[PDB]
Amino acid sequence: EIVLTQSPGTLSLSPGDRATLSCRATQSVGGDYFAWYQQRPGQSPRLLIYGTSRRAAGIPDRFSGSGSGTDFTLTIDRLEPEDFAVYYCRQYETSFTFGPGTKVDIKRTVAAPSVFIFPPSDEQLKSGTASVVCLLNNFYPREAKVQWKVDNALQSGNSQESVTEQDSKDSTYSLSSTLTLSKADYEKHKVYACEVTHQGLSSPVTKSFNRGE
Amino acid sequence: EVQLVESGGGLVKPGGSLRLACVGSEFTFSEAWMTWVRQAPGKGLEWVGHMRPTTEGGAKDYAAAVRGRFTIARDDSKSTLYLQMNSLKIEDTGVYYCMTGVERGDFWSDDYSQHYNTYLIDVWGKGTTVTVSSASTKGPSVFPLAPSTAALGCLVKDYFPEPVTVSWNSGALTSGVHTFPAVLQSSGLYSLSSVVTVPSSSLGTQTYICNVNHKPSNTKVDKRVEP
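Chains as they are written, first to last, in this note's numbering: chain A, 107 to 319; chain B, 3 to 229.
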């Protein structure tokens, strides 16, 4: 039952930087039974290093594996564009799990999000449900906080969030928050506000609408 | 080229059964140590179980979460690895991969030499999708996300199963488009949002249609998003 852990979850670096990825085991894993994998969205995993330090055929020599016992390290000399992906360690001696994975994304300049709010459509309303959508568009870093306030009352438990993968064009993320209510609850209130805090925002940004208009 | 192909994935109800197959090629199948790995939507790789080479006794192993429900089998004569999945649960949903590490021969020659070599090839199949849900197939209702840089979009709500396709203006509009990953609602139905940013000057000039395609239900919806 050896458990593997990876630090950190997200490693933000610039193309050309040197990356150092950690994997730790609760008990020692023999050197011939440790491996590093790479996975990009929509694709199968790819072996990079096996037996702790052996590069797989066809893998560029900028990838390098090291470590012993319970401490293991994957090094990428210079991050190429195709290297921004998820990396998994793996053991295969007496336990056979993968590590939780480390995501390497592109360290970009800070970008505040563009915030938009969308009322429920009239078509959806006459079906008995109301979903109000808040869009945080093209921001960096990935950390963002959306809070719904209905007539100045903080909501909780009635919204779901979705975040895109890091954009392949400008290296930003985007986020949609959907607050879902019934017709009855929606027609009861007037001010629907989406309050956003992000590292690129000096103060919280609110986008709101009034149900009538 | 050594390869692996998975098949058998599909939509099944909780407590139902499913058998996955994995066909290998270009390696001595009887000597291969076979492994099943799975990946839930947006989650990491999870080891499911393996079966040692037949030539080593063929011992099997399983993850605690699937032990007693899943069985791994092997047919060397047909180069096929199997995964019998019983008592399926919703947390079994995901992509399932077949994987092994195999030996390959490398040969080169000089005016003065002949060199033979073996190296490892770690191979994975492209995966097969297992969806365990009690929901019924249903196309989405598409609601406009009306504007008034401007932002507009379409809300693709209450569909099952994955996936759904969204284009804007029949693919003519691709810059500024963000189609978010779906979220699974408490109803067991998926909901998704697709947005696009455009110049505010275009809101009265250009018309915007989101073209939504849900093949499992034979649903095509073209929704015009107006101010």
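Ideal Cβ placement from N, Cα and C applies to all residues, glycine included.
Which of the three DSSP states, helix, strand or coil, is assigned to residue 108 of chain A?
Along the first sequence, read from residue 1 onward, the residue named residue 108 of chain A stands at position 2. Reduced to three states, the DSSP call for residue 108 of chain A is coil.
Mind listing, in chain order, the continuous beta strand (DSSP E) runs of no fewer than 3 residues lying wholly within the stretch 269-301 of chain A?
279-288, all fully within the stretch 269-301 of chain A.
Run through DSSP, which three-state label would residue 119 of chain B get?
If you number the second sequence from 1, residue 119 of chain B lands on position 117. It is a strand residue.
So that I know if they touch, is there some Cβ in chain B lying closer than 9 Å to that of residue 312 of chain A?
In the first sequence, residue 312 of chain A corresponds to position 206, counting from 1. With 9 Å as the cut-off, residue 312 of chain A does not count as an interface residue toward chain B.
What does residue 163 of chain A touch in chain B if you count any residue whose Cβ is under 9 Å from its own?
Reading the first sequence from its first residue, position 57 is the one you call residue 163 of chain A. 106, 108, 121, 122, 123, listed in chain order.
Out of curiosity, what's the CA-to-CA distance linking residue 157 of chain B and residue 115 of chain A?
Counting from one through the second sequence, the residue named residue 157 of chain B turns up at place 155. Counting from one through the first sequence, the residue named residue 115 of chain A turns up at place 9. Rounded to the nearest angstrom, the two C-alpha atoms are 31 Å apart.
Report all residues from its chain with a CB closer than 7 Å to the CB of residue 147 of chain A; omit the five preceding and five following residues, and keep chain order.
Along the first sequence, read from residue 1 onward, the residue named residue 147 of chain A stands at position 41. Only 271 meet the Cβ criterion.
Spell out whether any CB of chain B is found under 9 Å from the CB atom of residue 133 of chain A.
Here residue 133 of chain A refers to the residue found at position 27 of the first sequence. Not one chain B Cβ lies under 9 Å of residue 133 of chain A.
Name the one or two DSSP bridge partners that residue 146 of chain B has.
Here residue 146 of chain B refers to the residue found at position 144 of the second sequence. Residue 146 of chain B is bridged to B/156.
Since residue 253 of chain A sits in a beta bridge, which residues does DSSP pair it with?
Numbered from 1 along the first sequence, position 147 holds the residue referred to as residue 253 of chain A. The partner list for residue 253 of chain A (beta bridge, DSSP) reads A/301.
From the beta carbon of residue 195 of chain B, is the nearest beta carbon of chain A less than 9 Å away?
For this step, residue 195 of chain B is matched to residue 193 along the second sequence. Yes - at least one Cβ of chain A is within 9 Å of the one on residue 195 of chain B.
Answer yes or no: does any C-beta atom of chain B fall closer than 9 Å to that of residue 191 of chain A?
What you label residue 191 of chain A is simply residue 85 of the first sequence in a count that begins at 1. No, no contact with chain B.
Give a yes or no on whether 9 Å exceeds the smallest Cβ distance from residue 246 of chain A to chain B.
Taking the first sequence and counting its residues from 1, the one referred to as residue 246 of chain A is at position 140. No - not a single Cβ of chain B is within 9 Å of the one on residue 246 of chain A.
Quick check: residue 192 of chain A and residue 145 of chain A, are their CB atoms within less than 9 Å of each other?
Reading the first sequence from its first residue, position 86 is the one you call residue 192 of chain A. Reading the first sequence from its first residue, position 39 is the one you call residue 145 of chain A. For residue 192 of chain A and residue 145 of chain A, yes; Cβs fall inside 9 Å.
Would you kindly report the start and end of the unbroken beta strand (DSSP E) that includes residue 8 of chain B?
As a position in the second sequence, residue 8 of chain B is number 6, starting the count at 1. Note, residue 8 of chain B: beta strand (DSSP E), 5-9.
Using the beta-carbon of each residue, which ones in chain B are nearer than 8 Å to residue 208 of chain A?
By 1-based counting over the first sequence, the position of residue 208 of chain A is 102. Those within 8 Å of residue 208 of chain A in chain B number zero; the least Cβ separation is about 10 Å.
So, is the C-beta of residue 303 of chain A closer than 9 Å to a C-beta in chain B?
Residue numbering aside, residue 303 of chain A sits at position 197 when the first sequence is read from its first letter. False, the Cβ-Cβ gap to chain B never drops below 9 Å.
Beta carbon of residue 38 of chain B, beta carbon of residue 18 of chain B: below 9 Å?
On the second sequence, residue 38 of chain B is found 36 positions in, with the first residue counted as 1. On the second sequence, residue 18 of chain B is found 16 positions in, with the first residue counted as 1. Not in contact: residue 38 of chain B and residue 18 of chain B (Cβ atoms no closer than 9 Å).
Name the chain B residues whose beta carbon is nearer than 9 Å to that of residue 139 of chain A?
If you number the first sequence from 1, residue 139 of chain A lands on position 33. Correct list: empty, because the minimum Cβ distance to chain B is about 12 Å.
Rounded to a whole number of angstroms, what is the C-alpha to C-alpha distance between residue 175 of chain B and residue 208 of chain B?
Counting from one through the second sequence, the residue named residue 175 of chain B turns up at place 173. Counting from one through the second sequence, the residue named residue 208 of chain B turns up at place 206. Each residue's alpha carbon lies about 11 Å from the other.
Quick one: what's got a C-beta closer than 7 Å to residue 110 of chain B's C-beta in the same chain, skipping five residues either side?
Along the second sequence, read from residue 1 onward, the residue named residue 110 of chain B stands at position 108. Closer than 7 Å at Cβ, skipping near neighbours: 117.
Along chain B, in chain order, which residues have C-beta atoms closer than 8 Å to that of residue 243 of chain A?
For the purposes of this step, residue 243 of chain A is taken as the residue at position 137 of the first sequence. The contacting residues are 153, 180, 197, 199.
Does residue 126 of chain B come within less than 9 Å of chain A when only Cβ atoms are used?
On the second sequence, position 124 is the one that residue 126 of chain B refers to. Chain A contact via Cβ: present.
Tell me residue 69 of chain B's beta-bridge partners as DSSP assigns them.
Within the second sequence, the letter at position 67 stands for residue 69 of chain B. BP columns for residue 69 of chain B point to B/72.
If we cut at 9 Å on Cβ distances, does residue 298 of chain A have a partner in chain B?
Taking the first residue of the first sequence as 1, we reach residue 298 of chain A at position 192. By this cut-off, residue 298 of chain A is not an interface position.
Do residue 32 of chain B and residue 5 of chain B have their C-beta atoms within less than 9 Å of each other?
As a first step, residue 32 of chain B is located in the second sequence; it is residue number 30 there, counting from the start. As a first step, residue 5 of chain B is located in the second sequence; it is residue number 3 there, counting from the start. Contact: no.
Are three or more beta carbon pairs between the stretch 45-59 of chain B and the stretch 296-308 of chain A nearer than 8 Å?
They do not touch, by the three-pair rule.
If we ignore side chains and look at the alpha-carbon of each, how far apart do residue 205 of chain A and residue 44 of chain B end up?
Taking the first residue of the first sequence as 1, we reach residue 205 of chain A at position 99. Taking the first residue of the second sequence as 1, we reach residue 44 of chain B at position 42. In a straight line, the C-alpha of residue 205 of chain A is about 15 Å away from that of residue 44 of chain B.
In terms of DSSP beta bridges, what is residue 221 of chain A paired with?
Taking the first sequence and counting its residues from 1, one reaches residue 221 of chain A at position 115. Residue 221 of chain A is bridged to A/242.
Can you tell me which of the three DSSP states residue 156 of chain A falls into?
The residue labelled residue 156 of chain A in the question sits at position 50 within the first sequence. DSSP places residue 156 of chain A in strand when its eight states are reduced to three.
Within 9 Å of any Cβ in chain B, is that where the Cβ of residue 184 of chain A sits?
Reading the first sequence from its first residue, position 78 is the one you call residue 184 of chain A. For residue 184 of chain A, the answer is no, since every Cβ of chain B falls outside 9 Å of its Cβ.
Distance check for residue 56 of chain B and residue 212 of chain A, CA to CA, integer angstroms please.
For the purposes of this step, residue 212 of chain A is taken as the residue at position 106 of the first sequence. For the purposes of this step, residue 56 of chain B is taken as the residue at position 54 of the second sequence. Cα to Cα, the separation comes out at about 45 Å.
If we ignore side chains and look at the alpha-carbon of each, how far apart do residue 235 of chain A and residue 131 of chain A end up?
Here residue 235 of chain A refers to the residue found at position 129 when the first sequence is read from its first residue. Here residue 131 of chain A refers to the residue found at position 25 when the first sequence is read from its first residue. Approximately 48 Å between the Cα atoms of the pair.
Identify the contact partners of residue 252 of chain A in chain B, using a Cβ-Cβ distance below 7 Å as the criterion.
Mapped onto the first sequence, residue 252 of chain A falls at position 146. What residue 252 of chain A touches in chain B: nothing, since even the nearest Cβ is about 13 Å away.
In the stretch 268-295 of chain A, which residues sit with their C-beta less than 9 Å from some C-beta in chain B, listed in chain order?
If the cut-off is 9 Å between Cβ atoms, the stretch 268-295 of chain A has 268, 269, 270, 271, 273, 275, 280, 281, 282, 284, 286 near chain B.
Which whole runs of the beta strand (DSSP E) in the stretch 16-66 of chain B are 3 residues long or more, in chain order?
You should have 20-27, 36-41, 47-53, 62-64.
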